[PDB]
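>>> Sequence, then the experimental structure. Questions to follow.
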There are 2 protein chains.
Amino acid sequence: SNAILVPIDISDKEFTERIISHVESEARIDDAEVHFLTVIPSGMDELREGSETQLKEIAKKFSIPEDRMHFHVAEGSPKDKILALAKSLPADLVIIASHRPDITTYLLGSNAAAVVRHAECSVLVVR
Amino acid sequence: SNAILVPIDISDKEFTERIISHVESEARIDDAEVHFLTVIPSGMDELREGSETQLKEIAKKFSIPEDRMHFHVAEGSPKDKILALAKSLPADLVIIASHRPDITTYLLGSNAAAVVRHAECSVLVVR
Ligand SMILES: Nc1ncnc2c1ncn2[C@@H]1O[C@H](COP(=O)(O)OP(=O)(O)OP(=O)(O)O)[C@@H](O)[C@H]1O
Ligand SMILES: Nc1ncnc2c1ncn2[C@@H]1O[C@H](COP(=O)(O)OP(=O)(O)OP(=O)(O)O)[C@@H](O)[C@H]1O
Ligand SMILES: [Mg+2]
Ligand SMILES: [Mg+2]
């Protein structure tokens, strides 16, 4: 895949660690561009900047060349903004965890489910 | 991924051609073992053998080393047998198309939906 969209919820009390190896492997296939996105509640400039900082800190966990990482912050519904960016990039692949790591009630979380169903590109659900 | 499960519906009047590049790429990441599975209605020996022959013919479309391809025929519910084999292999990845290529009513077909939700491993929905 050329353009890989990697949505990350920065509030994940516990980060979804298993996505790291998958993002790294998928990126190595074609030296993809890796686009990290976090969607926050909709001052806002300050909230956006702090969200971007947290997202870059998470991205430090990934072995991907610096030149290939790109960062995006959006506001509102996570599924809507994930899908809008997948369309506009456009993404060749979206890589999403099945749900938050500490919660097992739902086999797919609401955003994972929507994104796998509605994306126009391939979607890798990681567990 | 080490063991990749690739379920194929051999009756697909039109084969899902976009899965080829994805299976091939995913297999190249770690020289995975690639397990093709087709699930048929439940003489049966003859039906199983003919189904396996059709499945091997489809597999000829894929650029994967011969040593790494493996073939499986099961009987009954496709989602149940896909998930059973994913568990028993065990599969590190299941690669499935979103739906049949000629039918657009449902953004996810019934088997794609079940498998993405219920697999214990990562699942790549291809479109
Ligand atoms: N606010 C967000 N911004 C970016 N990506 C997100 C956001 N929320 C969820 N995601 C993406 O979707 C994945 C699955 O999260 P999801 O929210 O679907 O599960 P959950 O939190 O367990 O369920 P729910 O939010 O429905 O209670 C996350 O790992 C992440 O990739
Ligand atoms: N009988 C089968 N054996 C092996 N894999 C199958 C079978 N049926 C479906 N699949 C797998 O699931 C994928 C999606 O097919 P699915 O059956 O979910 O979609 P569909 O045929 O459009 O929907 P439906 O069967 O619900 O009308 C297929 O491309 C294939 O990977
Ligand atoms: Mg959530
Ligand atoms: Mg079907």
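Cool, got the structure. Residues are numbered from 1 along each chain as shown, chains lettered A, B, ... in the order given. Ligands and ions are numbered 1, 2, ... in the order given.
>>> How about the secondary structure of residue A:80?
helix (DSSP: H, G, I helix; E, B strand; the rest coil).
>>> And for it, the neighbour number?
Neighbourhood size, residue A:80 [other CB atoms under 10 Å in any protein chain shown]: 14. Heads up, the C-betas are built off the backbone N, CA and C, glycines and all.
>>> And the one 5 residues further on, by the same measure?
The burial count assigned to residue A:85 is 19, neighbours taken as other CB under 10 Å.
>>> Ok, residue A:41 next?
Residue A:41: 9 surrounding residues under other CB under 10 Å.
>>> again with the one 3 residues further on
Neighbour count of residue A:44, defined by other CB under 10 Å: 11.
>>> which ones are touching it?
With contact taken as CB atoms under 8 Å, 6 or more residues apart in numbering or on different chains, residue A:44 is in contact with residue A:75.
>>> beta partners of the closest residue to residue A:18 other than its chain neighbours?
Leaving aside its chain neighbours, residue A:18 sits nearest to residue A:126 (5.7 Å; criterion: CB to CB, 6 or more residues apart in numbering or on different chains). Counting by DSSP bridges, residue A:126 is bridged to residue A:97.
>>> was I right about residue A:126 contacting residue A:16?
Yes: Residue A:126 lies in contact with residue A:16 (CB atoms under 8 Å); the separation is 7.3 Å.
>>> and for these two, which residues touch both?
Here residue A:126 and residue A:16 have residue A:97 as joint contacts, going by CB under 8 Å, 6+ apart.
>>> With neighbour numbers in mind, choose between those two.
Neighbour tally, residue A:126 and residue A:16, criterion other CB under 10 Å: the higher count belongs to residue A:126, 21 against 18.
>>> Any idea how many residues pack against whichever residue of chain A sits closest to ligand 2?
Among all residues of chain A, residue A:117 sits closest to ligand 2, at 12.0 Å; criterion: CB to the nearest ligand atom. Residue A:117 has 19 neighbouring residues, counting by other CB under 10 Å.
>>> Please apply the same query to residue A:28.
Number of residues near residue A:28 (other CB under 10 Å) recorded here: 12.
>>> Just give the nearest non-adjacent residue to it, would you?
residue B:29 (7.3 Å).
>>> Am I right that that neighbour is in contact with residue B:1?
Yes: contact status for residue B:29 versus residue B:1: in contact at 6.5 Å, counting by CB under 8 Å.
>>> what touches both of the two?
Both residue B:29 and residue B:1 are in contact with residue A:25, where contact means CB under 8 Å, 6+ apart.
>>> Of those two, give the one with the bigger neighbour count.
Taking neighbours as other CB under 10 Å, residue B:29 and residue B:1 compare with residue B:1 leading, 22 against 16.
>>> thought residue A:120 was touching residue A:84?
No: using CB under 8 Å, residue A:120 makes no contact with residue A:84, being 11.1 Å away.
>>> near ligand 1, which residues of chain A show up?
Within chain A, the positions adjacent to ligand 1 are A:7-9, A:16, A:37-39, A:78, A:82, A:96-97, A:99-100, A:103, A:109-112 by CB under 6 Å from any ligand atom.
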